[PDB]
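1. build me a structure from this.
(chains A and B)
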2 protein chains.
Amino acid sequence: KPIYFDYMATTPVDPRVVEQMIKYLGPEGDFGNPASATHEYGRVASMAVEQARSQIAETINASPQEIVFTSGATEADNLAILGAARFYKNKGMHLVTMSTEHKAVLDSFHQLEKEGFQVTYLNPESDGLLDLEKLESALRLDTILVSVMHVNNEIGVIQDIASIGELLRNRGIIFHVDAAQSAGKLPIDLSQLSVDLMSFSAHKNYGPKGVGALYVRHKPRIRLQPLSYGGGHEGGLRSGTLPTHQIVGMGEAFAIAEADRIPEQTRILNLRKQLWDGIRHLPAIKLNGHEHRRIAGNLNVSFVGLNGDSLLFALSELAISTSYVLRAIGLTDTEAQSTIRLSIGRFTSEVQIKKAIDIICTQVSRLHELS
Amino acid sequence: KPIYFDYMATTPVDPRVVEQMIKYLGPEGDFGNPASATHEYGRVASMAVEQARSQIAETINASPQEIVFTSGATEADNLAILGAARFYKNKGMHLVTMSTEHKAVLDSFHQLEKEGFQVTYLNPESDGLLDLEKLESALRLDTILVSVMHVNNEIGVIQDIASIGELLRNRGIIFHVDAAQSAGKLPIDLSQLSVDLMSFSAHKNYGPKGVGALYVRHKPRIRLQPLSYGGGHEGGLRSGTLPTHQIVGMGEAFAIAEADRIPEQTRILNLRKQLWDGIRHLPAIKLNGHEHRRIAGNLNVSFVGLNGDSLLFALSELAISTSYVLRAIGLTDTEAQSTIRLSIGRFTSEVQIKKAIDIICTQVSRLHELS
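-> Residues are numbered from 1 along each chain as shown, chains lettered A, B, ... in the order given. Below, you will see the structure:
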């Protein structure tokens, strides 16, 4: 098997999380429907759901009642953005986001444009950071919602959601943050951060795919127009069945990551710096995105002059990712296609880092030699 | 533990299904993101997703491309009903369903009423069966969509989706069927059935909670206006991440159930008949819903004169379910609250059936004696 260096696409479920999830699957376990109020199979499953809701809430310093379970950060992004814009449209129909947002955010705004909303898509600077003066200049008296992601999924850059939130709160503008790539890695304290809506994905944080959550601030109260209809119902905001094993898995993953967050992230940073220092003397290599205001595990690099398909093949002993985010920060088409995303995580070893350096040094050297 | 008699609320994941799901979770397994096209972790996970899509398609005689994965039959119902009505509204805005549909269907129609759609909610007859003459009389030249569930979740009655579909096809009306309670139990052959949209839930069929599918007929082509935005994308109809373990679990559950469907369902029918024959001489007991045009595992009975809370407590050695469906078939408030739903399934034994008869006979007798 190639060495996995694509943690930002998905992570393995932590084995400690697997051990908890499997208690909620088969006939020997707690398989009841959390909505079955009339027997102990249902009640036990509900208790496990609510314990996971508390685990997640504790990691971000929110209350459990502010946590709405979803099928992933895609649904959370959709529900936050469509739900808030549609609920508050009588207050104004101008919206602001960044051109570097994940498609689950951009495509939500694209839909709202068909509904008459006016959307401003701000570009970052060339290091991927939003110029907050450009944000301020874009705000209008009829701006009702802004969405800015905490960590970019391609280039790993961190936006200053603390300042953004405070600036928007003073204007009465709702602030949504896509935190899919930051939860379990960066501090999130919603008792201090002026964030109104925040999206979470379990499988970016060593939980199972197919489950996420939306934080919905209770004070000042944020309301949403829901996107689903049926049973449940997560305070009326999300209808459907509560999948006990998925939710248990998400709660346990969040608890595990937060309990060791700073040591784990600094160990990962050390490995990422080691990787970068091992490859950064290769000819025409460029690091994309701010080097330090950046999640520990992300290394996004362009090998100017080389072909992306050729890089993927030559580097096939590494499992890596090989365009609109790169264009937004100023790369040409040609530069963007020479770019790879390496991402490191909980199961990356020092031995694998040294092998990656050797593979990248050897193979990029050959591609330059064979150029 | 009480004996589980609430299979229609949820089923345990079959242990054979668990064994497959767990191969797609932790770091030792195939945890890659199916959308990661640039390495073998992604490609292996995609292959498992597509194999599960084929498994499901084969059980209902559809093509894989007609299968859209969802987070459950709730999302599938929402996507079918809102998506078809909103896509075809220029053709007409009249819709027809039954008052006995699951809330994921009724609440979708409730939302469309806020969007200007006119909805006719037909009541069944007192045995729960739709009078198809009443359906025909309700159809209009501007009716674009009808939704009728295959198996009712409360009283287990089976609607004649074959005749309904043919009647609607002749009128150019889209037919949606909620099959959450019938897949894996009743025959479904979409090469013969004139059904345009059909919803599926894994956890009603011994798969994991939190995953389902929507069948979308390819010929004549059915289009839908999607409810989600982002990546993927299931032919543009459902955005988000494909959760490999969930989808694998659903595909394996569907394959297992269909391979032994008629023997398993007839064994369950024998047990359900045994249960009913053991309790049906109790005073004032009434069976709700047609006795034979009914899924094998459902027994919905009213103990006229007794209190539902008292029944739940007295019968606590059994895990059972204890209102608008019962009102629709003609029960009074008082009769409806005296009603329990017992549902039998794959792990119900003959020994448990005999114990249920003894418990129900003993405890209902006492409740009548202590009345």
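2. where along the stretch 1-150 of chain A do the strands fall?
-> Listed in chain order, the strands of the stretch 1-150 of chain A (DSSP state E, counting those that start in this stretch) span A:3-4, A:67-70, A:94-98, A:118-122, A:143-147.
3. let me know which of the ones you listed is tucked in deepest.
-> strand A:67-70 (a mean of 27; mean count of other Cβ atoms under 10 Å in any protein chain shown). Every residue, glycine included, has its C-beta placed from N, CA and C.
4. got the domain ranges for chain A?
-> A:3-10+A:261-369, A:15-259 (automatic domain parsing).
5. touching chain B at all, the first one?
-> Yes. For a cut-off given as Cβ under 8 Å from any Cβ of the partner chain, domain A:3-10+A:261-369 has contacts with chain B, namely A:4, A:6, A:9, A:10, A:312, A:316, A:319, A:320, A:321, A:322, A:347.
6. straight-line length of that domain, end to end?
-> 25 Å (Cα to Cα, to the nearest Å).
7. cool, and stretch A:101-120?
-> OK, stretch A:101-120 end separation, Cα to Cα: 13 Å.
8. which residues sit against that stretch?
-> A:73-74, A:77-78, A:81-82, A:85-86, A:89, A:93-97, A:99, A:121, A:138, A:147-149, A:153, A:178, A:180, B:229-231, B:239-240 (Cβ atoms under 8 Å, 6 or more residues apart in numbering or on different chains).
9. can you check stretch A:252-268 too?
-> So stretch A:252-268 is in contact with A:13-14, A:16-17, A:20-21, A:52, A:55-56, A:58-59, A:183-187, A:200, A:202, A:205-207, A:296-297, A:344-346, A:348, going by Cβ under 8 Å, 6+ apart.
10. narrow those to just the buried residues.
-> Among the contacts of stretch A:252-268, those buried by neighbour count (16 or more other Cβ atoms under 10 Å in any protein chain shown) are A:13-14, A:17, A:20-21, A:52, A:55-56, A:59, A:183-186, A:200, A:202, A:205-207, A:296-297, A:344-346, A:348.
11. just those: which are in helices?
-> Under the assignment DSSP state H, the buried ones among the contacts of stretch A:252-268 contribute A:17, A:20, A:21, A:52, A:55, A:56, A:59 to helices.
12. and the second one, how far from residue A:13?
-> Distance of residue A:20 to residue A:13, given as Cβ to Cβ, to the nearest Å: 10 Å.
13. any common contacting residues for these two?
-> Common neighbours of residue A:20 and residue A:13 (Cβ under 8 Å, 6+ apart) are residue A:249.
14. in chain A, which spans are helices?
-> So, for chain A - with DSSP H - the helices run A:15-21, A:40-60, A:73-87, A:103-114, A:132-138, A:161-171, A:244-259, A:261-279, A:308-314, A:324-328, A:333-337, A:350-369.
15. gap between the first one and the chain center?
-> This points to helix A:15-21. 22 Å (Cα atoms, centre = their mean, to the nearest Å).
16. so is it next to chain B?
-> Yes. Legend: contact between helix A:15-21 and chain B by Cβ under 8 Å from any Cβ is shown at A:15, A:18, A:21.
17. what does that helix contact?
-> Outside helix A:15-21, the residues that reach it (Cβ under 8 Å, 6+ apart) are A:13, A:206-208, A:245-246, A:248-249, A:252-253, A:256, B:22, B:25-28.
18. closest to residue B:168 out of those residues?
-> Of all those, residue B:168 sits closest to residue A:246, with 36.1 Å by Cβ to Cβ.
19. burial count for the closest residue to that closest one other than its chain neighbours?
-> Using Cβ to Cβ, 6 or more residues apart in numbering or on different chains and skipping residues adjacent in sequence, the residue nearest residue A:246 is residue A:211, 3.8 Å away. Residues contacting residue A:211 under the criterion other Cβ atoms under 10 Å in any protein chain shown number 32.
20. contacts only, for the residue nearest the centre of chain A.
-> In chain A, the centroid-proximal residue (Cα atoms, centre = their mean) is residue A:180; its distance is 1.9 Å. Residue A:180 sits next to A:73, A:102, A:149, A:151, A:153, A:199, A:200, A:201, A:204, A:212 when contact means Cβ under 8 Å, 6+ apart.
21. ok, so of those, who is nearest residue A:167?
-> residue A:149 (16.5 Å).
22. spit out the contact partners of that closest one.
-> A:98, A:100, A:101, A:102, A:105, A:159, A:177, A:178, A:179, A:180, A:181.
23. next, the buried residues of stretch A:348-357.
-> A:348, A:352, A:353, A:356, A:357.
24. and it, how far from the chain's centre?
-> 25 Å.
25. show residues contacting it.
-> Contacts for stretch A:348-357 (Cβ under 8 Å, 6+ apart): A:3-5, A:7, A:268, A:271, A:274-275, A:278-279, A:317-318, A:342, A:344.
26. dump that stretch to CSV, keeping only the CA atoms.
-> The C-alpha trace of stretch A:348-357 is given here as CSV (Å, rounded to 0.1, in the frame of the first residue of the first chain):
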residue,chain,number,x,y,z
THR,A,348,1.8,9.3,10.2
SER,A,349,5.1,8.1,11.6
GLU,A,350,8.6,9.7,11.5
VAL,A,351,9.7,6.7,9.4
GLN,A,352,7.0,7.5,6.8
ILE,A,353,8.1,11.2,6.8
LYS,A,354,11.6,10.2,6.0
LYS,A,355,10.4,7.9,3.3
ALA,A,356,8.2,10.6,1.8
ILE,A,357,11.2,13.0,1.6
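27. surely residue A:24 is in contact with residue A:45?
-> Yes. Using Cβ atoms under 8 Å, residue A:24 makes contact with residue A:45 at a distance of 6.9 Å.
28. so what's the closest residue to chain B within the stretch 251-371 of chain A bridging to?
-> As assessed by Cβ to the nearest Cβ, chain B sits closest to residue A:319 within the stretch 251-371 of chain A, at 3.6 Å. Here residue A:319 sits in beta bridges with residue A:4, as judged by DSSP bridges.
29. ok, it - contacts?
-> Contacts of residue A:319 (Cβ under 8 Å, 6+ apart): A:1, A:2, A:3, A:4, A:5, A:6, B:32, B:36, B:38, B:39, B:40, B:41.
30. which of the residues you listed are buried?
-> A:3, A:4, A:5, A:6, B:32, B:36, B:38, B:39, B:41.
31. what's the distance between the third one and residue A:155?
-> Taking Cβ to Cβ as the measure, residue A:5 and residue A:155 are separated by 15 Å.
32. over to the fourth one?
-> Separation of residue A:6 from residue A:155 (Cβ to Cβ): 15 Å.
33. just the fifth one next, same as before
-> In this structure, residue B:32 lies at 22 Å from residue A:155, with Cβ to Cβ as the measure.
34. circling back to that earlier point, out of the contacts of residue A:319, which is nearest to residue B:224?
-> residue B:36 (26.7 Å).
35. now for the closest residue to that closest one other than its chain neighbours, how many residues are close by?
-> Spatially, and ignoring its direct neighbours in sequence, residue B:36 is nearest to residue B:42 (2.8 Å; Cβ to Cβ, 6+ apart). Neighbourhood size, residue B:42 [other Cβ under 10 Å]: 21.
36. quick check, residue B:42 in contact with residue B:30.
-> No. Residue B:42 lies out of contact with residue B:30 (Cβ under 8 Å); the separation is 9.8 Å.
37. and residue A:326, how many neighbours?
-> With other Cβ under 10 Å as criterion, residue A:326 counts 24.
38. which residue is the nearest non-sequential neighbour of it?
-> For residue A:326, the closest residue by Cβ to Cβ, 6+ apart turns out to be residue A:336, at 4.0 Å.
39. so how far is residue A:304 from that neighbour?
-> Applying Cβ to Cβ to residue A:336 and residue A:304 gives a distance of 11 Å.
40. which one of the two has more residues nearby?
-> More neighbours surround residue A:336 than the other of residue A:336 and residue A:304, with 18 against 14 (other Cβ under 10 Å).
41. so which residues on the stretch 101-250 of chain A come close to chain B?
-> Near chain B, when you scan the stretch 101-250 of chain A using Cβ under 8 Å from any Cβ, you find A:102-104, A:107-108, A:110-111, A:201, A:203, A:208-211, A:227-231, A:239-246.
42. okay then, goodbye and thanks.
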